[PDB]
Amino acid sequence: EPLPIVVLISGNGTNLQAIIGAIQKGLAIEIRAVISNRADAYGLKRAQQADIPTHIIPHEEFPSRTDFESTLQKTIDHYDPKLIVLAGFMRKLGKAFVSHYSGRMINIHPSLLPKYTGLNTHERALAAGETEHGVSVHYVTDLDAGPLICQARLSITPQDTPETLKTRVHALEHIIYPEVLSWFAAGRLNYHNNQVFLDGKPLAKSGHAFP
């Protein structure tokens, strides 16, 4: 029986597409709604194509961050999701909002956290001369930070450019996000006392590693 989620987006929503595809292939997830803070997010079209209700909640149209967040939370909660899943959602969320969803809200980030929070991760890893790079899935707490669930890594080689890395890491995103969602659907994950547990066992701080 599918675990109900709500997905938050700001843009293209490529990870939303990956989840949509995985569901078609049997992933036990129901996307009850997709919510965007931008009317021009292509991800809205991805959702509509899959007959998923979409909500636009333009953050600038609210007197304050808390009003915006209030409408966001009420819109989310209407669907009684078990999990809130960020997919390219770019607004920072306040302390209260993050608390309301503690243990129930996750994000995917195209770096090996805690390195390279923020934008342009691939170019920054290259510029620093990293030999490894990848993607992290974590609970939301601080910019792109929180207890790690899963981290997938790959090698940077001499012919890599920021574009090859972005594309190769995009493949890892499409693999690991739906996989983590499958862990939640199967009741395998817990967040307790600053630690993540998988099948009742503490994960390493870096989360479950691939390869």
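Numbering starts at 1 and follows the sequence shown.
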>> Does the chain run continuously from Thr141 to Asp142, or are deposited residues unmodelled in between? Answer none, 1 to 3, 4 to 9, or 10 or more.
In response: 1 to 3
> With respect to the recorded C-alpha B factors, which stretch has the higher mean value, 89 to 97 or 103 to 111?
Replying inline: 89 to 97
>> Please compare 163 to 171 with 37 to 45 and name the stretch with the higher mean C-alpha B-factor in the deposited structure.
In response: 37 to 45
>> Out of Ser155, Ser64, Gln151, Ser182, whose C-alpha atom has the biggest B factor in the entry?
In response: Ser64
> Going by the entry, which of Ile56, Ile176, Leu27, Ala50 has the most elevated CA B factor?
Replying inline: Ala50
> Which third, lowest, middle or highest, does the CA B-factor of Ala127 fall in along this chain?
Replying inline: highest
>> Lowest, middle or highest third: which one holds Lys82 when the chain's residues are ordered by CA B-factor from the entry?
In response: middle
>> Sorting by Cα B-factor within the chain, modelled residues only, which third would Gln195 end up in: lowest, middle or highest?
In response: highest
